[PDB]
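Asks: This is the structure, below, for whatever I ask next.
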Amino acid sequence: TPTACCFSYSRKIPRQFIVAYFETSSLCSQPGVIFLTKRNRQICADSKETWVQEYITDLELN
Amino acid sequence: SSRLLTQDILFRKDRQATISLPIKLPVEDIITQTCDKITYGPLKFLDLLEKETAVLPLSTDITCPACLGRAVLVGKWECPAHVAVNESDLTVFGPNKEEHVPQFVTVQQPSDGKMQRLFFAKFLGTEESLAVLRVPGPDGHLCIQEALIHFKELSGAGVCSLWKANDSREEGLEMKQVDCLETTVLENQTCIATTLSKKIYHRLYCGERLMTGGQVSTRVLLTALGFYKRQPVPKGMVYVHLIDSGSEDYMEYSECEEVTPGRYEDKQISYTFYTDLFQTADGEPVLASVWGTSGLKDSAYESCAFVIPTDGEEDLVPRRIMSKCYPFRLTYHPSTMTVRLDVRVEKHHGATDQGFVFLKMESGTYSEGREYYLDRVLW
Ligand SMILES: *[C@@H]1O[C@H](CO)[C@@H](O)[C@H](O)[C@H]1NC(C)=O
Ligand SMILES: *[C@@H]1O[C@H](CO)[C@@H](O)[C@H](O)[C@H]1NC(C)=O
């Protein structure tokens, strides 16, 4: 897994923009999610939010 | 009053050549023989964790943030008489190892008789990787005259950046310590915010719809520095990339077509657009970088790079740096001032098939980036 930490989380964005995801490294004090977008850019989001878990469960369904 | 970073697109003689080891040339000759693009900026230090620390990006402008590359740090070492600093006191680290002493080498060129005492180190990481220099005491910074960084992208293009000490472009790189907020578990974590400001008329389109523009391209590096936990001699420092995503929104893509328009065929897609980047170059070379990924979790990054001379022998014809570009084809039509991009794709359309392509053409003063979204699979 790519080594990176979330310094601040991002606002929700439409599902049609997220293409992948992966949890943050164990070096990060706070567990965060890093979404990969159809623009091939990384976006940090708080895993403790519902829309994040919905994007995650829906991402693994595909 | 241009005190920002600047870049030149060089017309290297041997585009097949690369950084040869061991180091055998002076910094200047290395640039002249292996750099297709150079970025000039300042070399600044910051007293942290008991030593002056300088943070430099392996790639100033992130063409493909996730692409892997091979970087080389070559700095010039010379302490003034009144500075009793040993070569053994300089430490560096990057995306691969902990803080350590680099290897030094003396290079001589009887051509002009020049001689330099260099220190070097080799790295392999993404375009978002970093190189950190650390020198002791309050006077150590004076020993490092300048720091070159060569980065051979996936496309095979040489992207260099020279950071001289006391460079006139003092505002091209500003670094200021910030609070870490305990984001990382590193012991004694110290966060740094390095701001990179370049004077470049940059425009970013999605197909032919403008997304962003400006007279200066800024990039902010939020980096955490510290040490891994340990259990009961050496002080091996490392860094961790910090992603501050609260600042931006996805509004620019809110209006981009879900599938970027283009001419679809059996085995390729063709995109046409109008560009004045070759006319404003004013006889200067143009560095065209195209790369695409048809994958999500992961897929082969197809990258290519060309240098287009804008006048002289063989005028306005792409010259290849890589062996050859199979996935992508690029041609410029001066009469219409239009560019045509061709992408090899799989002849079968299907659902869930989403591809992404990015073409960045840039001169010394202008820069155009164009994002293409495909409903087919890239070769
Ligand atoms: C530098 O190296 C010499 C031996 O090469 C050593 O004797 C001296 O103490 C060192 N000076 C400093 C400031 O580390
Ligand atoms: C962190 O800061 C202070 C400096 O005295 C102390 O806790 C410790 O020495 C530092 N960490 C390490 C690994 O030395």
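Please note that chains go A, B, ... in the order of the structure tokens, that every chain numbers its residues from 1, and that ligands are numbered from 1 in the order shown.
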Using only C-alpha atoms, which residues sit within 10 Å of residue 84 in chain B once same-chain residues fewer than 2 positions away are excluded, as a list in words?
Replies: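 Returned residues: residues 79, 80, 81, 82, 86, 87, 137, 139, 140 and 143 of chain B.
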Asks: Per DSSP on the backbone, what are the helix (DSSP H, G or I) residues of chain A, as a ChimeraX atom specification?
Replies: /A:15-17,50-60
Asks: Enumerate as a list in words the residues belonging to chain A that approach chain B to within 6 Å, with only C-alpha atoms taken into account.
Replies: residues 4, 5, 6, 7, 8, 9, 10, 19, 20, 27, 28, 29 and 44 of chain A
Asks: Could those selected residues go to a file with N, CA, C and O atoms, as an mmCIF file, in the first residue's frame?
Replies:
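Result went into out.cif, see below:
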data_model
loop_
_atom_site.group_PDB
_atom_site.id
_atom_site.type_symbol
_atom_site.label_atom_id
_atom_site.label_comp_id
_atom_site.auth_asym_id
_atom_site.auth_seq_id
_atom_site.Cartn_x
_atom_site.Cartn_y
_atom_site.Cartn_z
ATOM 1 N N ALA A 4 1.190 7.195 2.854
ATOM 2 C CA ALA A 4 0.786 8.591 2.916
ATOM 3 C C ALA A 4 -0.193 8.755 4.067
ATOM 4 O O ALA A 4 -0.854 7.795 4.469
ATOM 5 N N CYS A 5 -0.266 9.973 4.603
ATOM 6 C CA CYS A 5 -1.137 10.269 5.730
ATOM 7 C C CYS A 5 -2.054 11.437 5.400
ATOM 8 O O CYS A 5 -1.697 12.334 4.636
ATOM 9 N N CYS A 6 -3.249 11.406 5.986
ATOM 10 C CA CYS A 6 -4.258 12.440 5.783
ATOM 11 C C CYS A 6 -4.081 13.561 6.802
ATOM 12 O O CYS A 6 -4.319 13.364 7.997
ATOM 13 N N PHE A 7 -3.671 14.739 6.331
ATOM 14 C CA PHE A 7 -3.570 15.905 7.200
ATOM 15 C C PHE A 7 -4.900 16.621 7.381
ATOM 16 O O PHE A 7 -5.086 17.315 8.386
ATOM 17 N N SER A 8 -5.826 16.463 6.441
ATOM 18 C CA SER A 8 -7.141 17.072 6.537
ATOM 19 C C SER A 8 -8.058 16.366 5.554
ATOM 20 O O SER A 8 -7.628 15.984 4.465
ATOM 21 N N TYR A 9 -9.318 16.214 5.935
ATOM 22 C CA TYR A 9 -10.258 15.444 5.140
ATOM 23 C C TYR A 9 -11.016 16.344 4.172
ATOM 24 O O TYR A 9 -11.073 17.564 4.330
ATOM 25 N N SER A 10 -11.598 15.720 3.154
ATOM 26 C CA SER A 10 -12.204 16.430 2.041
ATOM 27 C C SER A 10 -13.721 16.337 2.109
ATOM 28 O O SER A 10 -14.288 15.468 2.777
ATOM 29 N N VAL A 19 -12.891 6.174 -8.340
ATOM 30 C CA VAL A 19 -12.580 4.988 -9.129
ATOM 31 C C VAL A 19 -11.934 3.911 -8.262
ATOM 32 O O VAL A 19 -12.056 2.717 -8.552
ATOM 33 N N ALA A 20 -11.245 4.315 -7.196
ATOM 34 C CA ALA A 20 -10.585 3.360 -6.317
ATOM 35 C C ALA A 20 -10.434 3.968 -4.929
ATOM 36 O O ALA A 20 -10.778 5.129 -4.697
ATOM 37 N N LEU A 27 1.577 4.197 9.729
ATOM 38 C CA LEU A 27 2.337 5.310 10.286
ATOM 39 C C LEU A 27 1.441 6.481 10.669
ATOM 40 O O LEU A 27 1.847 7.318 11.480
ATOM 41 N N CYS A 28 0.241 6.554 10.102
ATOM 42 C CA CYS A 28 -0.673 7.655 10.363
ATOM 43 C C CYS A 28 -1.375 7.447 11.699
ATOM 44 O O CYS A 28 -1.885 6.358 11.979
ATOM 45 N N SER A 29 -1.401 8.492 12.527
ATOM 46 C CA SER A 29 -2.041 8.375 13.833
ATOM 47 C C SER A 29 -3.538 8.125 13.701
ATOM 48 O O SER A 29 -4.115 7.351 14.474
ATOM 49 N N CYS A 44 -8.165 12.723 0.407
ATOM 50 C CA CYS A 44 -8.318 12.194 1.752
ATOM 51 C C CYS A 44 -9.745 12.409 2.240
ATOM 52 O O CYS A 44 -10.374 13.424 1.931
#
Asks: Among chain A, which ones does DSSP assign to strand (DSSP E or B) (computed from the backbone)? Answer as a list in words.
Replies: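 The residues of chain A classed as strand (DSSP E or B) are residues 5, 6, 7, 8, 18, 19, 20, 21, 22, 23, 28, 32, 33, 34, 35, 36, 37, 42, 43, 44, 45 and 46 of chain A.
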Asks: Quick one: residues within 8 Å of residue 141 in chain B, only C-alpha atoms, excluding same-chain residues fewer than 5 positions away - as a list in words?
Replies: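 Once the adjacent positions are removed, what remains is residues 45, 52 and 135 of chain B.
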Asks: At a cut-off of 8 Å around ligand 2, and using only C-alpha atoms and all ligand atoms, what residues come up? Please write them as a PyMOL selection string.
Replies: chain B and resi 49+187-188+227+235
Asks: List the neighbours of residue 21 in chain A out to 12 Å using only C-alpha atoms; skip same-chain residues closer than 5 positions along the sequence, and give me the result as a compact mmCIF listing (two decimals) with N, CA and C atoms, in the first residue's frame.
Replies:
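Saved as around_28.txt:
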# COMPACT_ATOMS: atom_id res chain seq x y z
N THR A 1 0.82 -1.20 0.00
CA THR A 1 0.00 0.00 0.00
C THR A 1 0.86 1.26 0.00
N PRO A 2 0.46 2.26 -0.78
CA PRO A 2 1.20 3.52 -0.80
C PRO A 2 1.21 4.19 0.57
N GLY A 32 -7.43 6.98 8.04
CA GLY A 32 -8.07 7.74 6.99
C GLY A 32 -8.18 6.93 5.72
N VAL A 33 -9.05 7.39 4.83
CA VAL A 33 -9.28 6.76 3.54
C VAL A 33 -8.74 7.69 2.46
N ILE A 34 -8.09 7.11 1.47
CA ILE A 34 -7.54 7.85 0.34
C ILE A 34 -8.26 7.38 -0.91
N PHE A 35 -9.15 8.21 -1.44
CA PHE A 35 -9.84 7.88 -2.67
C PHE A 35 -8.99 8.25 -3.87
N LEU A 36 -9.00 7.39 -4.88
CA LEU A 36 -8.39 7.69 -6.17
C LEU A 36 -9.49 8.05 -7.16
N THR A 37 -9.35 9.19 -7.81
CA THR A 37 -10.39 9.71 -8.68
C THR A 37 -10.11 9.36 -10.14
N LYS A 38 -11.14 9.54 -10.97
CA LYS A 38 -10.98 9.30 -12.40
C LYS A 38 -9.96 10.23 -13.04
N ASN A 40 -7.04 10.43 -11.61
CA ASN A 40 -5.81 9.85 -11.10
C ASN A 40 -5.19 10.69 -10.00
N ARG A 41 -6.02 11.39 -9.23
CA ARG A 41 -5.55 12.18 -8.10
C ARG A 41 -6.07 11.58 -6.80
N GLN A 42 -5.33 11.82 -5.72
CA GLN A 42 -5.67 11.29 -4.41
C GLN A 42 -6.46 12.32 -3.62
N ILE A 43 -7.42 11.83 -2.82
CA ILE A 43 -8.29 12.68 -2.02
C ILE A 43 -8.48 12.01 -0.66
N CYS A 44 -8.17 12.72 0.41
CA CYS A 44 -8.32 12.19 1.75
C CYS A 44 -9.75 12.41 2.24
N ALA A 45 -10.26 11.44 2.99
CA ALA A 45 -11.61 11.52 3.53
C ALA A 45 -11.64 10.79 4.86
N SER A 47 -12.76 8.27 7.45
CA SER A 47 -13.39 6.95 7.42
C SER A 47 -14.59 6.86 8.35
N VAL A 52 -18.40 7.89 3.30
CA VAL A 52 -17.15 7.21 3.00
C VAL A 52 -17.35 5.70 2.97
N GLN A 53 -17.98 5.16 4.01
CA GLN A 53 -18.21 3.72 4.06
C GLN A 53 -19.13 3.25 2.95
N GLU A 54 -20.08 4.10 2.53
CA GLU A 54 -20.92 3.74 1.39
C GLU A 54 -20.11 3.68 0.11
N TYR A 55 -19.22 4.66 -0.10
CA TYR A 55 -18.33 4.61 -1.26
C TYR A 55 -17.41 3.40 -1.20
N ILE A 56 -16.98 3.02 0.01
CA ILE A 56 -16.07 1.88 0.14
C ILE A 56 -16.79 0.58 -0.19
N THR A 57 -17.91 0.33 0.48
CA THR A 57 -18.64 -0.91 0.23
C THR A 57 -19.09 -1.00 -1.22
N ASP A 58 -19.50 0.12 -1.81
CA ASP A 58 -19.89 0.12 -3.21
C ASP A 58 -18.69 -0.07 -4.13
N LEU A 59 -17.52 0.42 -3.74
CA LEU A 59 -16.33 0.23 -4.56
C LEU A 59 -15.91 -1.23 -4.60
N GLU A 60 -15.98 -1.92 -3.46
CA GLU A 60 -15.61 -3.33 -3.45
C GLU A 60 -16.65 -4.21 -4.12
N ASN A 62 -17.57 -3.71 -6.98
CA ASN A 62 -17.23 -3.63 -8.39
C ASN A 62 -15.73 -3.84 -8.56
N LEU B 296 -7.83 1.31 -12.66
CA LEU B 296 -8.29 1.94 -11.43
C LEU B 296 -7.36 1.59 -10.27
N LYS B 297 -7.56 0.41 -9.68
CA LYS B 297 -6.60 -0.12 -8.72
C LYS B 297 -5.18 0.01 -9.25
N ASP B 298 -4.97 -0.41 -10.50
CA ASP B 298 -3.66 -0.36 -11.13
C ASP B 298 -3.76 -0.83 -12.57
